[PDB]
Structure formats: C-alpha cells, structure tokens
Amino acid sequence: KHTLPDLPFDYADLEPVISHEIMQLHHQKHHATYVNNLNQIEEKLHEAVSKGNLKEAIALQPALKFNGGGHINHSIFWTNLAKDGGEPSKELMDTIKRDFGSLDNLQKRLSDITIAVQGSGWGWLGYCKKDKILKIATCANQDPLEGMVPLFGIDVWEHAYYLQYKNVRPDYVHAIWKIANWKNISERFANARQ
Amino acid sequence: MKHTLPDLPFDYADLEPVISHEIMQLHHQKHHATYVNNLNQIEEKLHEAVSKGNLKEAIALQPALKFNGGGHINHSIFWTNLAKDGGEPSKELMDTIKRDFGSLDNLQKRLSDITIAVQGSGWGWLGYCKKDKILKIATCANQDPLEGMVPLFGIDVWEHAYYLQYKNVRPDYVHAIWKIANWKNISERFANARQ
Amino acid sequence: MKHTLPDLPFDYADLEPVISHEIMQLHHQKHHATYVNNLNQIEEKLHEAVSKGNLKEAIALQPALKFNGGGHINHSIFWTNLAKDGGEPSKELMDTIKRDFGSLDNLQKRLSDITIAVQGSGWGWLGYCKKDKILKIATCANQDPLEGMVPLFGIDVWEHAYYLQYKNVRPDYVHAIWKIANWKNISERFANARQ
Amino acid sequence: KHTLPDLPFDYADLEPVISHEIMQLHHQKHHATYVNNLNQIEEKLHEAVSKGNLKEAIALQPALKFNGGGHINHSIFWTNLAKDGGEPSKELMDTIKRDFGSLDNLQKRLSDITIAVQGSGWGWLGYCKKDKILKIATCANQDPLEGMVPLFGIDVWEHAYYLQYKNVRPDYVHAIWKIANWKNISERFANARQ
Ligand SMILES: [Mn+2]
Ligand SMILES: [Mn+2]
Ligand SMILES: [Mn+2]
Ligand SMILES: [Mn+2]
C-alpha cells in the first residue's frame, strides 16, 4: 500500500550541499527499501494479529518502527530541503527568537546535538503542542520524532552524507542549513499551531 | 477476539508458605487483570491506527502493546508454571537439563542468580532454543516477553511478586520458588517446544 | 572517599499516614543501604579497571555504577524532598511554576500522571533546565539519575516505595505524596539551580 | 594514553573486497577519532571521580562505552582481516562443526544477523567460556561484545563499506568472508579456550 514519494526537486538540485549520487541512492535505494519492507511488515503483522499470535505481533514491532519510521522520516526530509528555501516566516522567526534567542542559536544548538548522535540517527526541530514551544531533539536509527510535531529534520545516518563528506559529518550538518526549506518548515509550524 | 484473565489452576492459598494467599490474590486479580484490561484497549487503538494508515500513531502504541501484551503472556505462563504438587522433570527434560547445564542443581543456581540480579522489574526464564536445540536461561526487563526461544519456566521478580511476604529479601523468594515449580507443566512445554 | 548512607532528616514514623514507618525503615535501612554498599564495591572495581587500562572491564561495570550510583543519588535527594511540615513553595518557585505550568495544581496533575504511567520501576521528577531556564518534568527508569536538568522534587514509584501500604494502588500513593512534599527543600534546590 | 594501532597490512591489500579509500578513512579518521575522544573522556571521567561528582561520572559513561568500544572493536577488526587469511585450524573447524553443523552454516547465520542490524553495529563470532561453545551475536553502535570472547567481527557501520558497496550491505557482509583472517581467528579461539 505505502509508496515511494517523488522528490519535490531533481536529483542534482541540492548541489553543492548534497550530491546527485547521494540524492539518487538515498531516495531510490534507501527510502525505497524502507517502503518495501514496511509493506511486508504490515503483512506479517496482520497475519499475527488476525490469527491471535500476540507474541509474534510484539516480535514484529521493531521492524514496523524501523521501516515505518524510515518512511515517515525520509518523507518529511525531502520536503524539508530546497535549492532556494527562502527564510522563516515572521511568525516562525519570532517563535525561534522566543525559545532560542536567535536563529543562529537554534542552528548552533540543533547542529551540536545532531553532530553528537552516536551511530545512526536524526536531529529535529519540533513543535510541542502542550507547552506551545519549539524544541530540539534527536532520534536513534529510524525512531520517529514523538511527543512533538516535526518541523525540520537532519538525517545523520552515514548514507546521508558519506559519499561527499566522508567522515566529516559536522561539515554536512552545518552545510544543510543552506538548503533548509523554510517555506516548508514555516508551513509545518503554522499547521502544528492550529 | 478479546483477551480474558485466565483462572488460576489452583486456589489462592494453595502455594503457602512459599507465596502467600494475599500475594496470589493481588497478583492475579489486580496486576494480571490490569494487563488484560489495558491490553484490550491498546489492541483496539492499534487496530484503529493500522486501519486508518496512521503509521506514527501505530508506532507510538507499540510500547503499550509490548508492556500489556507481555504482562498477559508472562503471567499466563507463570500461573501454569506453579504448583503445590508439581512432580519432577520428565526423563527427557532431566536428560536435557543434564546435557546443557550439568545438573538440575546447576540450572537452579544459574537461573536463580541471574534472576536475583535483575535491575528493577523483570523476569528470569528457562527456555528452549529451537534452532540450536538447546536449553538456555535469560532475563527480560519489565513485561518484555521472552523472545527467540520457547518459554519453559519463568520467575517473576517484580517487587509485587514477593514484597508483601519477603520484603526486600528477593533472594529468599527466588530460591524458594523452586519448591513450587510445576515440573509437569514445564515438561509439557519442553515436549511441545521440541515438536 | 567512601559513600555512606545518610541519616534521614526525620524519624521513620514522621510521614504517617502518607508513608508507613515500615516502608520508611525498609526503604532507608535495606534498599538505600544496599545501593550504598554495592556502589562502594563497584567504584572500587571500576577504579581498578581504569587504573589497569582494562577498557572492556571498565565498560562492563557501567550499568552497575549507574544502577547503584543512581540509587544512591536518587534516594539521597528523595529523603530531603519529604517532610511532615514542608511549608509552601518560595515566591520565586511559585512564580516560575505558574510561568511554566500555569499553576501548582497543573504541575501536580502532570507530574503525577507521568509518574503513575512509569512502566516497571522508576521515578518521576520536577527539574530545572539551566540552558532554557525553565522547569520541566520527566521520568527515569530504574535508578537512572535525572540528567540534563537539576533535580528539584522526585517521586519514587518502585513498588517497594509504596506496596506494603498501598498494594497495587500506585495512583493513591502518587497523589498522596504531594501532602508531604518538602517545599522548603525543593525551593532551596530551585534557588541553587538558578545560581 | 591510548594509541591508534598500525594496520597489519597496507591500505590496498584487502582489495577487491574493501577499497584503499575505505581502509584509509576507516583507520586514519574513524578509528583515530575514537582513540582521541577516548583519551579525552577518560580525562573528564577522572576529574569527576576524583572530585566526587558521581552524577557527572555516570553522565560520562555513554561516551566511554562509545569511544572505548570503538577502539576495542576496530583494534580487533584489523587483526581479523588479511589478504591471505588461510583456513580455520583443525580445532576451530571441529568446534564450528559441533556448534553450527558446518562453516557454511556459521557463515550464513552470522551473515544473516549481521545484515539485519538496524542502524550502526557489529556482527560477532565469539566463544562463551562458561558453556564452552561458539556463539554469534550482534552489537549496536560501538558496544563491545560482552559475555563472550570475540573471535571474528564484521563492522556494518555504513562507513565500513559505503564508498564501495553503497546501499548493498549484504554484498559486503558476504564478501568479507573472503578476507577473514582465519590465522588470527584460530589464535583468538585457542587463547579463549585456555
Ligand atoms: Mn536516510
Ligand atoms: Mn507480576
Ligand atoms: Mn526506592
Ligand atoms: Mn567502523
């Protein structure tokens, strides 16, 4: 049932920040594999739940989280990147200033925790609806961001940057801000507020 | 269909003096019942999220399903694993115990030790690994079901399993539970696991 | 130097009827004492592994240090967080509670709810985040110390913290503990965290 | 104090299984960084333990495990690879046959669980001294193999194969057996038995 979404841009449009080969592999192989496996896992899960094998249904959870999370995360990620991303809306900039002091402080803080992820993971700018504040967080592997609405994600799995940056993850994390799609991020903010 | 609290295979006081009637009554009627009730609610929510294609919501419900589903699975096995007159391991289970642990005494020591060592709430398990065709021992956190092997005998070390009687002295409970291990059931589970 | 079990700032029966003298005596003299005794042993082993350059061994000891070290830290704070006559939040803490949670009633509800919801053994905490200069609530598993923020008030939901008195009814204990929250201490911790 | 060990071979000696660029980066950047950070963490830890900040000492644990584990794991890994690895000793082959049926079954089973690692991790062939049997296991991130003596490890962090294999982790896992250093593995087995 789930399908690989088309990117909102061509494979080379994020250069020089992220290469054509990376976009191509990342979308057509990595995200595709999460979608394919996700469809298969939902299948195994239904069989277990419909036949009453609660134990097997529990055993299938990590695979749903990993693949389901991979599909969720990458789907958001593509919308979060743009050749010409613009700037935050007035409402978002104001909120950024409120909760982080400045965009510069937010970028530094999110870059820092994202760079610090041990192993594979994601860094996120999110909106917490209960306390009505922007927050930053990281997630391991493909765990989706929970407890807050995702606004902007930074994939630090090595496949997100290795072909171009090799070991130098910090340069990729710092450079991704150049292609942050503030139009999309601001839209996600607006919707998270409503 | 809907999960139900299974009746115990004995009366609440049948395991004294190893486990008190008060413990047995709370443990079954309050703790296991709660897992069952919560499990039914969580399964309904999970079925809804799956049906609606709400992947994030389905994922968010997973800890609750594992906790309550695991609570149900674990306690259901645990009741069948206890008996005033449990008997002795079947010849084939005793022979396998000897083959894999040297003796029953060794198995009891090793499983008791790892079970006592559980940090916080959890369970100690004797299981059968079908791939390598061997008995193994393991512990699980919280209500995580034993996975990767077939459960044979479980020891609940959540403080509610023993506190009212044993207080802080978890080792006394773990050592004593062997006196009420239902070897008839454990042997049946073993025979079933080798099919 | 060697860790020691701190004396309670009150007598074992001083918190009745909210927490029984039996609970207080076991909790301090057996559970906390055990963390302290084990912590000293683990620190010695860890110091040895570090000195010898046994990296694998030092790493293997980490769960035991976190569990016992955390047990010590957590209980030490917990004793100071309880009082028969705790008083009321300082004006600055009350004002911050209002700023960050709307009211004290809201804070108590929100912290009680997440604390009640802890799966297995753990703790509920009111803390102060120094970076964002805000109060926050969180839970921790087992004896994991609250990290990333300064602990202000903790609620122990290990079953040994309440089972003898409350049995399975954890919510009654969590709601009731607010009646013995030592606001004098919590306020001092808050003032200290904003330095 | 800790230092980057020299490889027991030249950077291109594992070709065509693992490329010169991978060996170079993997050793001179990735393993080097674990060593450098490990030294720094031990420093922060000592200050915390010597000043009696138990809380800070606990906070430093993940960093010691990650960096300490990275140093342990990669140190073993280099010794586990060879252009001409030979074959298992008679004692090891016999033990492999005892606990897995055949070398083919062991390779399939270890390859399978290693391929299945979600995110970054390692696959291991180890020896359990208590039960006196070979076992296979996986570890997340840089967690060292615990509870058994390591004999042969397969690094499946994406940096271990991405430049050459890209997304195709299974081809790298299957191909690494060509360069398994059975001389070293058999020596580790012998020592684990004593
Ligand atoms: Mn990715
Ligand atoms: Mn129980
Ligand atoms: Mn306690
Ligand atoms: Mn590596």
Side-chain angles (χ1 to χ4, degrees), chain A residues 119 158 162 167, chain B residues 19 23-24 26-35 67 70-79 81-82 120-124 140 142-143 154-163 168 173, chain C residues 19 23-24 26-35 67 70-79 81-82 120-124 140 142-143 154-163 168 173, chain D residues 18 22-23 25-34 66 69-78 80-81 120-123 139 141-142 153-162 172:
Chain A
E158 287 178 319
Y162 212 86
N167 53 292
Chain B
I19 304 175
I23 291 184
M24 292 313 300
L26 287 155
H27 206 186
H28 171 79
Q29 290 196 153
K30 302 299 183 169
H31 294 272
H32 191 354
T34 292
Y35 294 129
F67 185 63
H72 183 39
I73 288 164
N74 301 339
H75 292 87
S76 298
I77 296 169
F78 192 53
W79 312 140
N81 281 171
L82 302 175
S121 306
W123 293 75
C140 295
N142 303 320
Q143 298 298 349
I155 304 169
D156 188 7
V157 276
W158 279 58
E159 292 177 311
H160 69 233
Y162 60 88
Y163 212 85
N168 55 298
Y173 159 74
Chain C
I19 304 175
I23 291 184
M24 292 313 300
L26 287 155
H27 206 186
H28 171 79
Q29 290 196 153
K30 302 299 183 169
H31 294 272
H32 191 354
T34 292
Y35 294 129
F67 185 63
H72 183 39
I73 288 164
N74 301 339
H75 292 87
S76 298
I77 296 169
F78 192 53
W79 312 140
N81 281 171
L82 302 175
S121 306
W123 293 75
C140 295
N142 303 320
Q143 298 298 349
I155 304 169
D156 188 7
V157 276
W158 279 58
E159 292 177 311
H160 69 233
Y162 60 88
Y163 212 85
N168 55 298
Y173 159 74
Chain D
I18 310 174
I22 293 181
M23 295 312 301
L25 284 163
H26 205 176
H27 174 72
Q28 302 182 169
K29 295 300 189 176
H30 291 275
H31 186 174
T33 290
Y34 295 125
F66 184 60
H71 179 42
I72 291 158
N73 300 339
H74 295 83
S75 295
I76 291 164
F77 194 49
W78 318 130
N80 281 172
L81 306 168
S120 298
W122 292 75
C139 298
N141 301 321
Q142 296 301 344
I154 306 173
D155 185 3
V156 283
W157 275 60
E158 287 178 319
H159 68 237
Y161 56 87
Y162 212 86
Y172 155 76

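For ligands, and for the atoms within them, numbers begin at 1 and follow the listed sequence. For the numbers below, each heavy atom of this structure counts, side chains included, while hydrogens, waters and symmetry mates do not. Sequence lines set the chain letters: A, B, ... in the order given, protein chains first and strands last, and positions in each chain run from 1.
With 2.8 Å as the limit, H75(C) counts as an N, O or S neighbour of the Mn ion (ligand 3). Under 2.8 Å from the Mn ion (ligand 2) lies no N/O/S atom of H32(B), from backbone or side chain alike.
Within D156(C), the N, O or S atom at minimum distance from the Mn ion (ligand 3) carries the name OD2. The nearest N/O/S atom of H27(C) to the Mn ion (ligand 3) is NE2.
When atom types are taken as modelled, the side chain of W123(C) and the backbone of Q143(C) share no donor-acceptor pair closer than 3.5 angstrom.
Expressed to the nearest 0.5 Å, how far CG of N74(B) lies from CG of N142(B) amounts to 10.5 Å.
Taking the six-membered ring where the residue is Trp, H74(D) and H26(D) present perpendicular rings, their angle passing 60° and hence far from 30°.
No donor-acceptor contact under 3.5 angstrom links the side chains of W158(B) and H31(B), judged on distance only.
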